[PDB]
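Given next are the chains, with one letter for each unit.
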Amino acid sequence: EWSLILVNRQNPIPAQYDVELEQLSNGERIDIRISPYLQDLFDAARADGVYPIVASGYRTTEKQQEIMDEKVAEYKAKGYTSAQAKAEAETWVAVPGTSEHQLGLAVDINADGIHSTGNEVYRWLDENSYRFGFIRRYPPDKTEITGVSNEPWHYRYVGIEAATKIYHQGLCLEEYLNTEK
Ligand SMILES: [Cu+2]
């Protein structure tokens, strides 16, 4: 139940959401409940010659705002008005209160650069993350349901049972939760 919490534009983070955070060696933080699962995922990738890093875990409200504002600025520089930019940025960065990053349940995983390319990490994760309870949260073929663009770096902990079902039936989290009730 706990790891199946739905957070998106229609489901904000609950008001007094408690989370205990573990600090990784790079200073990023995650929900302490997902720690051994993320550790196992990283160990397994490295046993396969794939070297990922956690580019972003937990974010405070203000951090989310800033990430979003930066995405808005990028669209403004490419010829969007302020209003247009804000709407387009939402397809990539959630408004504060609606990011999975604010749960500590989501990590953006990149390649280390030296040993692996992005695409080798993204491919490995797509094919293996579910065995560690993580799903590719925003897949290209579910944008019409999730509201979010293809983000091959963004992985969400839901637990092994749910992740495996979601993987084999080719679902997004919203669809899985709908079919659970
Ligand atoms: Cu993310």
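The name given to the protein chain in the PDB entry is D-alanyl-D-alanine carboxypeptidase, with the source organism recorded as Enterococcus faecalis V583. The title attached to this entry in the PDB is "VanYB in complex with D-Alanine-D-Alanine". Among the UniProt annotations of the protein chain, the heading Subunit holds the following wording: "Monomer."

Draft legend 1. Just the overall build of the protein chain, in detail. Helices and strands together make up the secondary structure of the protein chain, namely 7 helices and 6 strands. Mapped from its N terminus to its C terminus, the protein chain presents α and β elements in the order β-β-α-β-α-α-β-α-β-α-β-α-α. Taken over C-alpha atoms, the radius of gyration comes to 16 Å for the protein chain, in line with the 16 Å a tight globule of 181 residues would show. Along the longest, intermediate and shortest principal axes, the C-alpha atoms of the protein chain span 45 × 45 × 35 Å. When the 181 residues of the protein chain are sorted by exposure, 43% land in the buried category. In the protein chain, once contacts between residues fewer than 6 apart in sequence are set aside, the share between residues at least 24 apart is 69%. For the protein chain, the computed accessible surface area is about 9,500 Å², with 47% contributed by carbon and sulfur atoms. Positive and negative side-chain charges in the protein chain, numbering 18 and 29 respectively, have mean positions lying 3 Å apart.

Draft legend 2. Summary view of the coordination of the copper ion. Taken together, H101 (NE2), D108 (OD) and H154 (ND1) make up the full set of protein donors to the copper ion, lying 1.9 to 2.1 Å away. When the donor residues of the copper ion are listed from N- to C-terminus, their spacing reads H-x6-D-x45-H. With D108 in strand 4 (residues 106-111) and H154 in strand 6 (residues 154-157), the pair connects residues that are 46 residues apart, well separated along the chain. Summarising the burial analysis for this pair, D108 and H154 share the class buried.

Draft legend 3. A look at the UniProt feature "binding site: Zn(2+)" in the protein chain. Mapped onto this structure's residue numbering, the UniProt feature "binding site: Zn(2+)" falls at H101, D108 and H154. Their sequence span is 54 residues, while the largest C-alpha to C-alpha distance among them is just 9.4 Å; these annotated residues converge on one region. Inspection of the secondary structure assignment puts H101 in the loop between helix 3 (82-90) and strand 4. Excluding its chain neighbours within four sequence positions, the residues that come into contact with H101 are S56, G57, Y58, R59, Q64, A106, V107, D108 and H154. For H101, the side chain forms a polar contact with the side chain of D108, separated by 3.1 Å. In this structure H154 comes out as buried when scored by relative accessible area, which is 3%. Excluding residues that lie within four positions of it along the chain, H154 makes contacts with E100, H101, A106, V107, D108, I135, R136, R137 and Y138.

About the cut-offs
- Residues numbered from 1 in each chain as written, not as in the entry; some residues may be left out.
- Heavy atoms only, no water.
- UniProt positions renumbered as here; feature names shortened; annotations may be inferred.
- Helix = DSSP H or I, 4+ residues; strand = E, 2+ residues; numbered from the N terminus.
- Rg over C-alpha atoms; globule rule 2.2 N^0.38 Å.
- Buried < 20%, exposed > 50% of the residue type's maximum accessible area, 1.4 Å probe, protein only.
- Contact = heavy atoms within 4.5 Å.
- Areas by Shrake-Rupley, 256 points an atom, 1.4 Å probe, with all protein chains shown as cover.
- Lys, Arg positive; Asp, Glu negative; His and termini not counted.
- Charge placed at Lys NZ, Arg CZ, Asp CG, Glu CD.
- Donors = N, O, S within 2.8 Å, 3.2 Å for Na, K, Ca; no water.
- Polar contact = N/O pair within 3.5 Å; in protein donor to acceptor, adjacent residues only side chain to side chain.

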